[PDB]
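Note sheet for the following structure.
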Number of protein chains: 2
Amino acid sequence: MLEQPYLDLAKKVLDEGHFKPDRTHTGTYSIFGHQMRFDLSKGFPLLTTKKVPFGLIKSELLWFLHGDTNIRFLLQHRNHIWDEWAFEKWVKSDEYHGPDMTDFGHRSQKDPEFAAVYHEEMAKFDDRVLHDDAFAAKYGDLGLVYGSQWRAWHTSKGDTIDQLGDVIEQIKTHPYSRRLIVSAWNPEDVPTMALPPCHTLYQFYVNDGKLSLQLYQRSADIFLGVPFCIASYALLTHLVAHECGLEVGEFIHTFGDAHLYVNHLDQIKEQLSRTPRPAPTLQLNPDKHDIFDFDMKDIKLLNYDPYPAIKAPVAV
Amino acid sequence: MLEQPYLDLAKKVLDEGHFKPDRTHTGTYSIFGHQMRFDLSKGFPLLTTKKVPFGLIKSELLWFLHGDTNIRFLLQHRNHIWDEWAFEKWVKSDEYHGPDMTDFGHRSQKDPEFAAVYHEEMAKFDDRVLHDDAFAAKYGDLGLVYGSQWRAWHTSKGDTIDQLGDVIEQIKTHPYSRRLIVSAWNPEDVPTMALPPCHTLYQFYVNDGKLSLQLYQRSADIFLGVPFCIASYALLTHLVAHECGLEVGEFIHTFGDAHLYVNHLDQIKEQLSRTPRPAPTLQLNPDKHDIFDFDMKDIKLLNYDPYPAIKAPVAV
Ligand SMILES: C#CCN(Cc1ccc2[nH]c(N)nc(=O)c2c1)c1ccc(C(=O)N[C@@H](CCC(=O)O)C(=O)O)cc1
Ligand SMILES: C#CCN(Cc1ccc2[nH]c(N)nc(=O)c2c1)c1ccc(C(=O)N[C@@H](CCC(=O)O)C(=O)O)cc1
Ligand SMILES: O=c1ccn([C@H]2C[C@H](O)[C@@H](COP(=O)(O)O)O2)c(=O)[nH]1
Ligand SMILES: O=c1ccn([C@H]2C[C@H](O)[C@@H](COP(=O)(O)O)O2)c(=O)[nH]1
């Protein structure tokens with residue numbers, strides 16, 4: 001089965017993972033250096049042993065591909081994955097006149113009524129973003145996110161480089177190149193970032209008319225993150241390929257610090273009692289070729305028969 | 001035996017490696033995505049199945065650790081690994097009055113007498129570098145090399161960041177961090193570089209009082225390059241550890257495009273007929289702790305009993 005590597009990584013961490021604490025003060029089980037391989041010609045690696053929302057995955061990837069960094073687009077697509085980051089900037093800034101949200105993410109799990117106040121406060125902020133173009137302009141723009149890291153790298157001369165755009169052009173002109181790399185790591189920015197990119201660097205490769213892609217993830221949440229990441233990068237390996245007119249080869253996920261939060265142990269064991277079903281299948285619109293102009297309707301997932309969704313808490 | 005992974009990578013490429021040409025127009029056998037693991041507590045990974053020059057490895061690493069980018073230091077240490085790059089800039093510039101060296105690297109293998117002319121021309125340039133401080137200042141400074149990428153990253157504000165310096169400080173204050181990353185990839189520079197860094201990115205990790213390091217190599221010459229690289233990065237994992245007062249764990253070498261030049265096939269097979277001996281041992285000076293102030297005499301390699309050196313041609 002196509003998703004075996006993910007189960008193995010999960011089992012493995014459970015078995016060889018050494019205890020290791022972190023920022024959130026919640027302990028974890030970590031390993032260092034791992035590498036999975038998913039033959040993308042066998043099917044699309046969307047977990048069948050637990051329901052993963054492909055809709056959110058598409059929304060987020062297209063956002064990146066547009067070089068966009070404002071929440072407004074994602075919001076219009078019912079995507080709220082990046083809300084806390086915008087919200088957090090709104091609460092620590094001027095004008096915010098409302099219940100003190102200091103430590104909203106952490107407290108939400110503990111104070112019940114607080115969760116109520118915060119959830120509506122959030123609901124309001126999002127509405128303002130979504131409608132007040134002025135507000136969106138200053139609170140919905142996350143700044144340094146994958147969208148601007150891949151397609152608008154700031155140069156020392158006050159200019160901008162479209163890493164993804166250029167790399168794609170190169171795949172077309174020099175497929176056998178070894179410099180097909182897109183970095184999301186800027187030494188100038190990381191020192192003062194809310195969250196340096198976990199999806200640190202990827203590189204393309206072409207051989208036998210097939211496109212492959214390797215992603216280097218400095219840090220991974222095996223339960224919550226990895227499941228999205230695989231699908232997210234597997235989608236791109238499909239997009240770029242389609243555009244360049246190659247076939248799809250395999251996705252290679254290399255890990256730095258792969259961990260499993262102690263509060264996710266039961267749930268992950270719960271998933272390990274499942275037997276993966278046949279993998280779903282991606283269907284891309286044949287009329288469109290400019291991935292930069294792709295839309296939600298141009299990507300279709302067929303035969304997605306998963307197990308119910310396994311619920312687990314976000315440990316900040 | 002400690003170096004088994006390297007043999008396996010070699011055998012593997014020979015067995016699953018698909019043909020793939022490149023810039024030098026010499027064909028290669030490539031694979032995409034590999035990952036070796038060397039437990040550094042078992043010994044120092046310097047190849048015993050073929051003599052590797054640890055002297056050059058030390059010279060080069062210290063050069064990097066000093067944030068230096070000029071050939072003069074390396075020259076004083078009889079190191080000529082980076083000569084062609086300096087020489088190449090001298091020949092394509094003004095003032096060069098002598099035999100046209102256009103395509104010296106490639107031609108050297110073909111025109112015998114040419115090799116003679118070029119070799120002495122080189123000998124002269126190096127002497128000028130080594131003695132004329134003015135000359136060295138403009139022809140010996142390679143510019144963007146690991147030394148300035150690790151310890152003098154140019155920011156958009158015309159400043160400079162000491163990635164290595166800072167990361168080291170972090171290991172001391174926050175060992176369990178997942179942001180211990182040093183990048184040698186600058187999207188602003190790669191577009192116009194003679195050779196973008198093959199040793200693209202490394203990340204540190206600390207657990208159980210042991211320091212580990214993973215290196216991401218976008219491109220590798222399995223015969224000539226990989227042997228140096230392992231030892232080079234294994235030395236650093238030892239240096240930083242010593243400084244931070246941790247123990248050494250393991251070195252993890254992840255590969256993007258790992259290849260074997262077609263003109264190295266015989267020689268690599270030749271090496272595969274060998275049986276690795278016990279690994280050598282690194283001995284660091286206990287009195288010094290500032291790796292930035294380390295010198296050739298502060299690093300000692302014990303029990304290095306290798307097989308003779310296997311000769312193979314440099315395919316540009
Ligand atoms: C993906 C991604 C990158 N990111 C950014 C990001 C930031 C910090 C992180 N912290 C940790 N430990 N793991 C992560 O996956 C993680 C991811 C995400 C951020 C939020 C959600 C999210 O809210 N959805 C969760 C929980 C939903 C809920 O509360 O019910 C989910 O399970 O999908 C998902 C991903
Ligand atoms: C190391 C490194 C990075 N580098 C930079 C660099 C640049 C282009 C490359 N090209 C290829 N195919 N492989 C490499 O290892 C390589 C390395 C090196 C550059 C030169 C030598 C060198 O001259 N020594 C060779 C050959 C010596 C000889 O001519 O006799 C050797 O075998 O050591 C070694 C390493
Ligand atoms: O695909 C993803 C994206 C983000 N994160 C996680 C990584 C860390 O658990 C946390 C960020 O903490 P640091 O690694 O930066 O310390 O967010 C993932 O696990 N997977
Ligand atoms: O440790 C090292 C350093 C450099 N090179 C090689 C990689 C490529 O063979 C060549 C550079 O060519 P590109 O990958 O940039 O095309 O130099 C290595 O193999 N190993």
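Residue numbers start at 1 in each chain; chains themselves are named A, B, ... in the order of the structure tokens; ligands are numbered from 1 in the order shown.
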Give the residues close to ligand 3, within 8 Å, counting only C-alpha atoms and all ligand atoms; write them as a VMD selection string.
(chain A and resid 22 to 23 195 to 199 217 to 229 257 to 259 316) or (chain B and resid 177 to 179)
DSSP on the backbone, then: every residue of region 124-296 of chain A marked strand (DSSP E or B), written as JSON, numbers by chain.
{"A": [141, 153, 154, 160, 161, 181, 182, 183, 199, 200, 201, 202, 203, 204, 205, 206, 207, 210, 211, 212, 213, 214, 215, 216, 217, 218, 219, 220, 221, 247, 248, 249, 250, 251, 252, 253, 254, 255, 256, 257, 258, 259, 260, 261, 281, 282, 283, 284]}
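CA of residue 71 (chain B) is positioned 7.7 Å from CA of residue 129 (chain B).
The interatomic distance for the pair CA of residue 65 (chain A) and CA of residue 236 (chain A) works out to 9.3 Å.
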Need to verify the contact set: residue 37 (chain A), 12 Å, only C-alpha atoms, exclusion of same-chain residues closer than 2 positions in sequence. Can you return it as a PDB file with N, CA and C atoms, in the first residue's frame?
ATOM      1  N   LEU A   2       0.485   2.241  -0.796  1.00  0.00           N
ATOM      2  CA  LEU A   2       1.211   3.498  -0.987  1.00  0.00           C
ATOM      3  C   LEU A   2       1.586   4.287   0.272  1.00  0.00           C
ATOM      4  N   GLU A   3       0.702   4.306   1.265  1.00  0.00           N
ATOM      5  CA  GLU A   3       0.949   5.075   2.480  1.00  0.00           C
ATOM      6  C   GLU A   3       1.671   4.324   3.560  1.00  0.00           C
ATOM      7  N   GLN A   4       2.205   3.157   3.237  1.00  0.00           N
ATOM      8  CA  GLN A   4       2.901   2.388   4.254  1.00  0.00           C
ATOM      9  C   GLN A   4       3.996   3.189   4.947  1.00  0.00           C
ATOM     10  N   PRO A   5       4.846   3.904   4.176  1.00  0.00           N
ATOM     11  CA  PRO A   5       5.921   4.700   4.774  1.00  0.00           C
ATOM     12  C   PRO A   5       5.457   5.563   5.932  1.00  0.00           C
ATOM     13  N   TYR A   6       4.314   6.230   5.773  1.00  0.00           N
ATOM     14  CA  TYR A   6       3.831   7.074   6.853  1.00  0.00           C
ATOM     15  C   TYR A   6       3.535   6.245   8.111  1.00  0.00           C
ATOM     16  N   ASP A   8       4.893   3.410   8.967  1.00  0.00           N
ATOM     17  CA  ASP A   8       6.206   2.986   9.438  1.00  0.00           C
ATOM     18  C   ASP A   8       6.915   4.087  10.185  1.00  0.00           C
ATOM     19  N   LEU A   9       6.844   5.306   9.669  1.00  0.00           N
ATOM     20  CA  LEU A   9       7.453   6.443  10.336  1.00  0.00           C
ATOM     21  C   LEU A   9       6.759   6.584  11.701  1.00  0.00           C
ATOM     22  N   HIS A  34      15.139  11.141   8.548  1.00  0.00           N
ATOM     23  CA  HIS A  34      14.276  10.084   8.064  1.00  0.00           C
ATOM     24  C   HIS A  34      14.069  10.438   6.627  1.00  0.00           C
ATOM     25  N   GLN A  35      13.544   9.502   5.850  1.00  0.00           N
ATOM     26  CA  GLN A  35      13.308   9.752   4.437  1.00  0.00           C
ATOM     27  C   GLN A  35      12.305   8.741   3.873  1.00  0.00           C
ATOM     28  N   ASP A  39       5.931   6.529  -4.652  1.00  0.00           N
ATOM     29  CA  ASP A  39       5.869   6.462  -6.105  1.00  0.00           C
ATOM     30  C   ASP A  39       4.522   7.087  -6.468  1.00  0.00           C
ATOM     31  N   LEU A  40       4.562   8.283  -7.052  1.00  0.00           N
ATOM     32  CA  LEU A  40       3.356   9.005  -7.448  1.00  0.00           C
ATOM     33  C   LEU A  40       2.622   8.385  -8.649  1.00  0.00           C
ATOM     34  N   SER A  41       3.178   7.333  -9.234  1.00  0.00           N
ATOM     35  CA  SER A  41       2.522   6.708 -10.380  1.00  0.00           C
ATOM     36  C   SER A  41       1.594   5.604  -9.896  1.00  0.00           C
ATOM     37  N   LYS A  42       1.675   5.296  -8.607  1.00  0.00           N
ATOM     38  CA  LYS A  42       0.842   4.261  -8.029  1.00  0.00           C
ATOM     39  C   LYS A  42      -0.454   4.843  -7.496  1.00  0.00           C
ATOM     40  N   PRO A  45      -1.026  10.002  -2.624  1.00  0.00           N
ATOM     41  CA  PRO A  45      -0.836   9.748  -1.193  1.00  0.00           C
ATOM     42  C   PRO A  45      -1.666  10.563  -0.204  1.00  0.00           C
ATOM     43  N   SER A 212      10.387  14.290 -10.366  1.00  0.00           N
ATOM     44  CA  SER A 212      10.408  13.906  -8.956  1.00  0.00           C
ATOM     45  C   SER A 212      10.685  15.180  -8.177  1.00  0.00           C
ATOM     46  N   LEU A 213      10.418  15.134  -6.871  1.00  0.00           N
ATOM     47  CA  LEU A 213      10.638  16.269  -5.973  1.00  0.00           C
ATOM     48  C   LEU A 213      10.970  15.778  -4.558  1.00  0.00           C
ATOM     49  N   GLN A 214      12.000  16.375  -3.963  1.00  0.00           N
ATOM     50  CA  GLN A 214      12.418  16.046  -2.611  1.00  0.00           C
ATOM     51  C   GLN A 214      12.207  17.302  -1.791  1.00  0.00           C
ATOM     52  N   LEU A 215      11.669  17.127  -0.588  1.00  0.00           N
ATOM     53  CA  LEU A 215      11.371  18.204   0.342  1.00  0.00           C
ATOM     54  C   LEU A 215      12.138  17.930   1.619  1.00  0.00           C
ATOM     55  N   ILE A 230       2.525  15.748   2.920  1.00  0.00           N
ATOM     56  CA  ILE A 230       2.680  14.780   1.830  1.00  0.00           C
ATOM     57  C   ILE A 230       1.776  15.130   0.661  1.00  0.00           C
ATOM     58  N   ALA A 234       2.834  16.501  -2.921  1.00  0.00           N
ATOM     59  CA  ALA A 234       2.530  15.559  -3.987  1.00  0.00           C
ATOM     60  C   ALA A 234       1.670  16.300  -5.031  1.00  0.00           C
ATOM     61  N   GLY A 249       6.890  11.187 -11.189  1.00  0.00           N
ATOM     62  CA  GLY A 249       7.694  10.099 -10.675  1.00  0.00           C
ATOM     63  C   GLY A 249       7.339   9.862  -9.224  1.00  0.00           C
ATOM     64  N   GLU A 250       8.242  10.231  -8.325  1.00  0.00           N
ATOM     65  CA  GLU A 250       7.988  10.018  -6.916  1.00  0.00           C
ATOM     66  C   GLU A 250       8.281  11.203  -6.035  1.00  0.00           C
ATOM     67  N   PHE A 251       7.600  11.242  -4.892  1.00  0.00           N
ATOM     68  CA  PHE A 251       7.770  12.305  -3.902  1.00  0.00           C
ATOM     69  C   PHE A 251       8.672  11.742  -2.787  1.00  0.00           C
ATOM     70  N   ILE A 252       9.663  12.530  -2.377  1.00  0.00           N
ATOM     71  CA  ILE A 252      10.610  12.089  -1.367  1.00  0.00           C
ATOM     72  C   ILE A 252      10.620  13.063  -0.209  1.00  0.00           C
ATOM     73  N   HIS A 253      10.198  12.589   0.949  1.00  0.00           N
ATOM     74  CA  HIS A 253      10.083  13.451   2.126  1.00  0.00           C
ATOM     75  C   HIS A 253      11.206  13.161   3.107  1.00  0.00           C
ATOM     76  N   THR A 254      12.185  14.061   3.207  1.00  0.00           N
ATOM     77  CA  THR A 254      13.311  13.871   4.119  1.00  0.00           C
ATOM     78  C   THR A 254      13.013  14.703   5.349  1.00  0.00           C
ATOM     79  N   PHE A 255      13.264  14.141   6.537  1.00  0.00           N
ATOM     80  CA  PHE A 255      12.988  14.805   7.820  1.00  0.00           C
ATOM     81  C   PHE A 255      14.201  15.134   8.663  1.00  0.00           C
TER      82      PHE A 255
ATOM     83  N   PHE B  32      18.118   9.653  -7.132  1.00  0.00           N
ATOM     84  CA  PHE B  32      17.618  10.856  -6.496  1.00  0.00           C
ATOM     85  C   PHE B  32      17.048  10.550  -5.115  1.00  0.00           C
ATOM     86  N   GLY B  33      17.631  11.159  -4.093  1.00  0.00           N
ATOM     87  CA  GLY B  33      17.158  10.922  -2.754  1.00  0.00           C
ATOM     88  C   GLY B  33      17.831   9.702  -2.155  1.00  0.00           C
ATOM     89  N   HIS B  34      18.758   9.952  -1.240  1.00  0.00           N
ATOM     90  CA  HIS B  34      19.459   8.885  -0.557  1.00  0.00           C
ATOM     91  C   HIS B  34      19.737   9.462   0.792  1.00  0.00           C
ATOM     92  N   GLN B  35      20.126   8.617   1.736  1.00  0.00           N
ATOM     93  CA  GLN B  35      20.417   9.085   3.082  1.00  0.00           C
ATOM     94  C   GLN B  35      21.266   8.057   3.836  1.00  0.00           C
TER      95      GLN B  35
END
Could you list the residues in chain A lying within 6 Å of chain B, using only C-alpha atoms, and format the result as a PyMOL selection string?
chain A and resi 155-156+188
So which residues touch residue 118 (chain B) within 9 Å, counting only C-alpha atoms, skipping near sequence neighbours fewer than 5 positions away, as a list in words?
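Answer for this query is residues 99, 101, 104, 108, 113 and 123 of chain B.
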Mind pulling up the distance from CA of residue 69 (chain A) to atom 3 (C, counted along the ligand's line) of ligand 1?
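Going from atom 3 (C, counted along the ligand's line) of ligand 1 over to CA of residue 69 (chain A) covers 14.2 Å.
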With only C-alpha atoms as the counted atoms, please give the residues lying no more than 9 Å from residue 49 (chain B), apart from itself and same-chain residues fewer than 3 positions off, as a list in words.
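Surrounding residues, per the criterion: residues 3, 271, 272, 273, 274, 275, 276, 277, 306, 307, 308 and 309 of chain B.
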Compile the contact shell of residue 265 (chain B) as a PDB file with C-alpha atoms, in the first residue's frame: residues with an atom at most 10 Å away, counting only C-alpha atoms, same-chain residues fewer than 4 positions apart removed.
ATOM      1  CA  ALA B  10      28.358   3.121  -4.591  1.00  0.00           C
ATOM      2  CA  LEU B  14      25.964   1.040 -10.052  1.00  0.00           C
ATOM      3  CA  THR B  28      26.654   9.808 -15.351  1.00  0.00           C
ATOM      4  CA  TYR B  29      24.589   7.232 -13.457  1.00  0.00           C
ATOM      5  CA  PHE B 223      33.692   8.812  -6.428  1.00  0.00           C
ATOM      6  CA  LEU B 260      28.837   8.271 -10.685  1.00  0.00           C
ATOM      7  CA  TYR B 261      30.639   9.546 -13.813  1.00  0.00           C
ATOM      8  CA  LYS B 269      34.428  -1.334  -9.040  1.00  0.00           C
ATOM      9  CA  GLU B 270      38.129  -1.675  -8.187  1.00  0.00           C
ATOM     10  CA  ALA B 312      40.614   8.738 -11.330  1.00  0.00           C
TER      11      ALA B 312
END
